[PDB]
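**Q** these chains are from a complex, not moved at all, and more is on the way:
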Amino acid sequence: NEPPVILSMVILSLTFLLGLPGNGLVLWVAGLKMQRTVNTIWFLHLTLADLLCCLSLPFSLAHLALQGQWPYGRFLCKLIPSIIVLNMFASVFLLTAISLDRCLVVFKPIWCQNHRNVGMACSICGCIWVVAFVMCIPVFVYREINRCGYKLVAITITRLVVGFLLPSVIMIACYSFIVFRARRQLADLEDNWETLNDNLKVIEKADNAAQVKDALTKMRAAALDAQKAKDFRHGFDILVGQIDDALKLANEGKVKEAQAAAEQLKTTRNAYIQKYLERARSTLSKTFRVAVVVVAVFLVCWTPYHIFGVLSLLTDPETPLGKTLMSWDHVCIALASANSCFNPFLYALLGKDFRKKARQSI
Amino acid sequence: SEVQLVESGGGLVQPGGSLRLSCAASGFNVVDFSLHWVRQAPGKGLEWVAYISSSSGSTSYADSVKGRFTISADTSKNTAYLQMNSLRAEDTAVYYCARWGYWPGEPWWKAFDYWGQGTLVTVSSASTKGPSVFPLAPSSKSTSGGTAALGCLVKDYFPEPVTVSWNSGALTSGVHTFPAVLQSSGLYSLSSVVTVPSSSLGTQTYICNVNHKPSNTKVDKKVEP
C-alpha cells in the first residue's frame, strides 16, 4: 500500500468512468446523426483517440495492482505502453491541429473557404496518425521486460521538443491571436457605438444644419463600418435608410425635421444595436473563457509528465529523489490520461447544435 | 441592348446666357436609379456637379454651382434635364451622366457601372475668324544629314477640329500632329511638322493641305527650302 499508488488508481478509475460512456455517446452522435463536416471529422478522431486511450486503463490498473509484476510475455509489455503513448501523441496532435484550424479560419477566411474541405482534414489526420506512429516506434523498440520497462536521454529530449514545446506554443499563439482579433472587433464596434451616441447627444440640442449633417454623415460611416463586423442586416439597412432620409430632410433647410428624424433613430437603436452588442460581448466572453479553460487544462495535464520525464535523467534512481520521482510518475501519467476524459467536455460538448442533438438522442 | 446614356446638349455658348443639357437612358427605367452629373475640364480631373432623384424629388448641387443651375427628370420619356445659367469660363468642360442606385440592395455599393457619351460645354466669348497658315523651314543651314524638318502652323482658329495632310496623304511616315493650345485672346494654334532626308528636298516639293471642317477654309501651302 502506498498513497501515490492509491491516488493513481482512484484517478484512473474516475477518468475511465467519466470518459468511456461520455466519449462513446459523443462518437455515436457525431457518427450516426451529425452531418459529415470537417469539425465532425475532428470530433470523431478525437473521440476515437480518447476511447482507444481509455480502453487500456483497465490494463494499467491491473498492472499497477500487481506492484509491477507482469507475468505475461514481453509482447504485451512492449505493446500496451506503446499504444498508450500513441494515443496520447495522437490526441495532442489532434488538439493542436484543431487549434491551428480555428486560428486559420479567422486569419484568412478566403483560403479556408476555397481550400478547407473534408479531404484535407482526412489527409492531415492521416499525417497526424503517421507522426504519432513514428513517435511510438522507439517506445515499442526500446521496451523490454520481472519488471516491464527499460534498462534514453535523446528520446526524452526529442519527445519534449516535438510533443510538448511546439504544440503548446502553437496553441498558445493561435488562441492569443484569436482573442486579440475578437477584442479588436469588439473595440471597433464599441467605438462605432460611441461615435453614434456622442454626436446624437449634441444633435438633440443643436442649432445649425452643418454640424447636424456632419454628425449624421459620421453616423452613416460608423453604421457602414459596423455592418461588416439575419435581422441584424435588416436593422442596419433600416438605420441607414432613416439616416439618408434625415440627410435629405436636412439638405432642404429643415433643421427641426432633421433633428426629429435623428431622434427617431433611438427606437431601432435600442431594438437592434444594443441587443447585438450584448450578444457580441457575451460571445467574446464565452470564447475567451473556453480558450482559457482549454489552455489551463492542457497545461495542467501535460506539464508534470514532461517535467518528471526530464528530471528522471537528471536524478539518480538510487537516491531518495529518484525513488520519489518514480513513485509519482504514476500520478503524473494518471493526470496526463485525465486529459483524455477532459477532451470531449471542452471541444464537442460546447456546440449548441451538437448539444441539442445529444439531448434529443436520449 | 445594354444600359446606354446619350447626351444632346453639346455645343458652344456665350458668357452667361442659358443652356439646357439632356440625358436619355436606354435599357433601364429612370424611375429606379438616381442620375448625377460629373464635370471634367480638358487636362484636369473629375468633379461632381449635381444629383436628381426621380422617385424621391430631392435634388442636390455642388457648392460652386448653388443658385445658378437647376436639375430635373421626366419619367414619361425617362430623360434628365440640366438647365445651366450664368455660365463662366470655369464651366467649360465635358459633362458626363451617371446612375447610382438605392440603398436597399447591391446596386448601391456598385460604382458608376455605365457612363454617358459626354457633352462638351464651352464658352465662346468670341466669334469664328478663320485659320491662317504659315510655313516653317530651316533658316540658313541644318547640317543634320538625312534628318531634316519642315512644318506648317495654323493660327487664329476658334473651333477645335482641324484636318491637315502632307501631299493629300502621300507623305505619312514622320507626320507629327500636336494638340491645339488656348491663347490669352481666345484663339488656337496648331503645328504639323514632318521629317525627311535632305536628298528628297532637292527632288520633290511638299504641300501641307489644311482643311477646316467647321468652316469652308482650305489652304494649300507649299514648303520649300
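**A** Right, received. Where do you want to start? Numbering: from 1, shown residues only, chains lettered A, B, ... in the order given.
**Q** ends of stretch B:97-114, how far apart?
**A** 9 Å (Cα to Cα, to the nearest Å).
**Q** who touches that stretch?
**A** With Cβ atoms under 8 Å, 6 or more residues apart in numbering or on different chains as the test, stretch B:97-114 has contacts from A:237, A:240-241, A:244, B:2-5, B:7, B:23, B:25, B:28, B:32-38, B:80, B:115-116. (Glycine included, C-beta is placed from N, CA and C.)
**Q** if we use 7 Å, what do you get?
**A** Applying Cβ atoms under 7 Å, 6 or more residues apart in numbering or on different chains, the external contacts of stretch B:97-114 come out as A:237, A:240-241, A:244, B:3, B:5, B:7, B:23, B:33-38, B:80, B:115-116.
**Q** just the buried ones out of those residues, please.
**A** A:237, A:240, A:244, B:5, B:7, B:23, B:33-38, B:80, B:116 (16 or more other Cβ atoms under 10 Å in any protein chain shown).
**Q** narrow those to those in helices?
**A** Among those, the members found in helices (DSSP state H) are A:237, A:240, A:244.
**Q** would you turn the buried ones among the contacts of stretch B:97-114 into a markdown table with distance to residue B:57?
**A** A markdown table is the format used below for the buried ones among the contacts of stretch B:97-114 (distance: Cβ to Cβ, whole Å):
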| residue | distance to residue B:57 |
| --- | --- |
| A:237 | 22 |
| A:240 | 20 |
| A:244 | 14 |
| B:5 | 21 |
| B:7 | 23 |
| B:23 | 18 |
| B:33 | 15 |
| B:34 | 11 |
| B:35 | 13 |
| B:36 | 15 |
| B:37 | 17 |
| B:38 | 22 |
| B:80 | 14 |
| B:116 | 23 |
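**Q** and the two most separated of those residues?
**A** Using Cβ to Cβ, those span at most 33.8 Å, a distance reached by A:237 and B:7.
**Q** tell me the phi and psi of the residue in chain B that chain A sits nearest to?
**A** As assessed by Cβ to the nearest Cβ, chain A sits closest to residue B:58 within chain B, at 4.6 Å. The phi/psi pair for residue B:58 (degrees, to the nearest 10) reads phi -70, psi 140.
**Q** my guess is it contacts residue A:248, does it?
**A** Yes - applying Cβ atoms under 7 Å as the test, residue B:58 and residue A:248 come out as touching, 4.6 Å apart.
**Q** neighbour count: these two, which is higher?
**A** The neighbour count for residue B:58 versus residue A:248, taken as other Cβ atoms under 10 Å in any protein chain shown, is higher for residue A:248 (18 against 15).
**Q** then add chain C to what we have above:
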Amino acid sequence: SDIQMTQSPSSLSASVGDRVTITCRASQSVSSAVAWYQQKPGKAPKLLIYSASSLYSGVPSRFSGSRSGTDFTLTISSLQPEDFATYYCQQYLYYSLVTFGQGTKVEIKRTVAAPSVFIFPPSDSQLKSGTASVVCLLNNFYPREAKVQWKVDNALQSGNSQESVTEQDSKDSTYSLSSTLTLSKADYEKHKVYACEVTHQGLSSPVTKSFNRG
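**A** Putting chain C together with the chains above:
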C-alpha cells in the same frame, strides 16, 4: 465641410509586366466607400473596382484593391498594352458627398535617346501680317521631363511662350514637344540673333539652337 481626398501618385512610369501600386487617403472615416475608374484619352471612364473589395464584371482579375483604416491601395500585377490609361478614385459615401481624386497616369519606359532639337523662325507672311511667331520642335525624348527656354538676344525669356507635348506615341512610345512664342513685328525686327536652349535630362549638356536674322 466636404471630405477631402488626396492622391499622391499623380503620375508614375512602369514597364509591361511590372506591378503598379496606387495609394489614396481620405480626410476621415469613409468605410470603404471608395471606387476606382479607368479613363482612356478621348473616351468615357469605366469602373474596375468598387468598395475596394469586390471586382466588377468584365474587368480583368489583374486589378486588386485593399483597405487599411482610412487608406486604400490599388494593385496591378502585370500591365498589358491595353490598360495604359488614367486612373481616378471617387468617394461615394452619399449622393451629396461625391469627391474625385487628382488622377493617376501611367506611361511606358523606353531606352536612352537624344532629342533632335530644331528651331523655325517666322516666315515672310508673318512679317506681312504684322505679328511674328517663332517655334521650336523636340522630336524624340522618352522621360517627358525636360525644360526648354528661349535666349532672345542674349536674354532669357519665359511666360509669354507656350509649349505643348504629345503623349502615347503609337510608333516608338516616345514623346514630342512643340514650343512657340509670338511677338509684334517691331518687337521681332529689333533683334538680330535668337536661340533656343534645351536642358533635357538624357543630354550631357543643354543643347542650343541659334539663328541670326538677316
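**Q** and the contacts of stretch B:97-114, now that chain C is part of it?
**A** Residues outside stretch B:97-114 that contact it (Cβ under 7 Å, 6+ apart) are A:237, A:240-241, A:244, B:3, B:5, B:7, B:23, B:33-38, B:80, B:115-116, C:35, C:37, C:47, C:50-51, C:92.
**Q** before we move on, what about stretch C:14-22?
**A** By Cβ under 7 Å, 6+ apart, stretch C:14-22 touches C:9, C:73-79, C:81, C:87, C:104, C:106, C:108-109.
**Q** in space, what's closest to residue B:85 - neighbours in sequence excluded?
**A** Sequence neighbours aside, residue B:18 is the residue nearest to residue B:85 in space, at 5.0 Å (criterion: Cβ to Cβ, 6 or more residues apart in numbering or on different chains).
**Q** give me the element the one you found is part of.
**A** strand B:16-26 (DSSP states H and E).
**Q** starting at the chain centroid, how far to that strand?
**A** From the chain centre to the centre of strand B:16-26 is a distance of 17 Å (Cα atoms, centre = their mean, to the nearest Å).
**Q** list the buried residues in that strand.
**A** B:19, B:21-25.
**Q** want to throw the residues you listed into TSV with distance to chain A?
**A** Shown next, in TSV, are the buried residues of strand B:16-26 (distance: Cβ to the nearest Cβ, whole Å):
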residue	distance to chain A
B:19	25
B:21	23
B:22	25
B:23	22
B:24	26
B:25	23
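**Q** can you add distance to residue A:355 and give those residues back as TSV?
**A** Shown next, in TSV, are the buried residues of strand B:16-26 (distance: Cβ to Cβ, whole Å):
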residue	distance to residue A:355
B:19	71
B:21	65
B:22	65
B:23	60
B:24	62
B:25	56
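**Q** which one of those residues sits closest to chain C?
**A** Within those, distances to chain C taken as Cβ to the nearest Cβ reach their minimum at residue B:23, with 13.2 Å.
**Q** ok, that closest one touching residue B:35?
**A** Yes - taking Cβ under 7 Å as the definition, residue B:23 is a contact partner of residue B:35 at 6.5 Å.
**Q** element containing residue A:288?
**A** Here residue A:288 is assigned to helix A:274-313, by DSSP H and E.
**Q** that helix packs against which elements?
**A** Counting contacts by 3 or more Cβ pairs under 7 Å, 6 or more residues apart in numbering or on different chains; DSSP states H and E, helix A:274-313 is packed against helix A:153-159, helix A:166-203, helix A:320-342, helix A:344-347.
**Q** burial of the nearest residue to residue A:189 once chain neighbours are set aside, as a residue count?
**A** Closest residue to residue A:189 in three dimensions, ignoring its sequence neighbours and counting by Cβ to Cβ, 6+ apart: residue A:229, at 5.3 Å. Residue A:229: 12 surrounding residues under other Cβ under 10 Å.
**Q** before we move on, what about residue A:143?
**A** If you count neighbours by other Cβ under 10 Å, residue A:143 ends up with 19.
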